[PDB]
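Reviewing the structure listed below.
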Amino acid sequence: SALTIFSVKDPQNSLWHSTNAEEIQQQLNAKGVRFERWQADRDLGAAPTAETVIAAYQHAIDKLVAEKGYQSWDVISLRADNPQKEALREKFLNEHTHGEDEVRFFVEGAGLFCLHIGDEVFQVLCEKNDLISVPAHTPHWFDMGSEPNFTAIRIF
Ligand SMILES: [Fe+2]
């Protein structure tokens, strides 16, 4: 719901910062990044799992991006009753990239998605409200800082 882009020399001095539908889309698409707003009106119950959240927003993946054979979709949820929430930070906080642009849609929970393109650091908040998809060759990392639960959908 927000986009920030400053020079690599000004990391704390967020120079350009704005949060608008056309504004976030113009900045994202202007860099070859797709962006859309999805409606999370599908209820999977109180706790959202990967298999269910998968079958429900499954029909939404068909309109997301039609290309290649799309191997499959997966979900990344963190539970507080699983000691793997602490080690999972170094596990998702490292740089991981693929040679194909993947898309991620959050249906339950919010995560801070940071993008790195050239000498600029992008800071955009992600919520189960809309959707975000970055290009291949572009590294992305999730912001943990804590052990909160968040449901995400990966398609590539
Ligand atoms: Fe990825």
Notebook entry, point to check: Which one of these is within 13 Å of the ligand (Cβ to nearest atom), hydrophobic (A, V, I, L, M, F, W, C), farther than 18 Å from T4 by Cα and surrounded by 16 or more Cβ atoms within 10 Å (Cβ to Cβ): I61, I153?
Noted result: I153
Margin query: Looking at the stretch 94-120 only, could you name the residues that are buried (at least 17 other Cβ atoms within 10 Å of the Cβ), over 19 Å from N29 (Cβ atoms) and within 15 Å of the ligand (Cβ to nearest atom)?
Written below: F106, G111
Check: In this structure, does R42 turn out to be under 15 Å from the mean Cα position of the chain (by Cα), surrounded by 14 or more Cβ atoms within 10 Å (Cβ to Cβ) and of a type outside the set (A, V, I, L, M, F, W, C)?
Finding: no
Next item on the list: Go over the candidates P148, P135 one by one and state the one that is touching a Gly at 6+ places or on another chain (Cβ under 9 Å), more than 15 Å from the ligand (Cβ to nearest atom) and in a loop (DSSP other than H, G, I, E, B).
Entry: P148
Check: Could you say which residue among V8, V33 is more than 16 Å from the chain's Cα centre (by Cα) and within 17 Å of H116 (Cβ to Cβ)?
Finding: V8
Item checked: Criterion (closer than 21 Å to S133 by Cβ, more than 16 Å from the ligand (Cβ to nearest atom), hydrophobic (A, V, I, L, M, F, W, C) and out of contact with any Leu (no Cβ under 7 Å at 6 or more places or on another chain)) met by exactly one of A46, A87, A80, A66 -> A66
Notebook entry, point to check: What number goes with the only condition from (1) surrounded by 14 or more Cβ atoms within 10 Å (Cβ to Cβ); (2) farther than 17 Å from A30 by Cα that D74 does not pass?
Noted result: (1)
Notebook entry, point to check: Among the residues of the stretch 28-36, is any surrounded by 15 or more Cβ atoms within 10 Å (Cβ to Cβ) and in contact with a helix residue (DSSP H, G or I) (Cβ under 6 Å, 6 or more places away or on another chain)?
Noted result: yes
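A short reminder: the numbers here are calculations on the coordinates, not readings from a lab. Because the Cβ atoms are built from the backbone with ideal geometry, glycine has one as well, and the counts that use them run over all protein chains shown.
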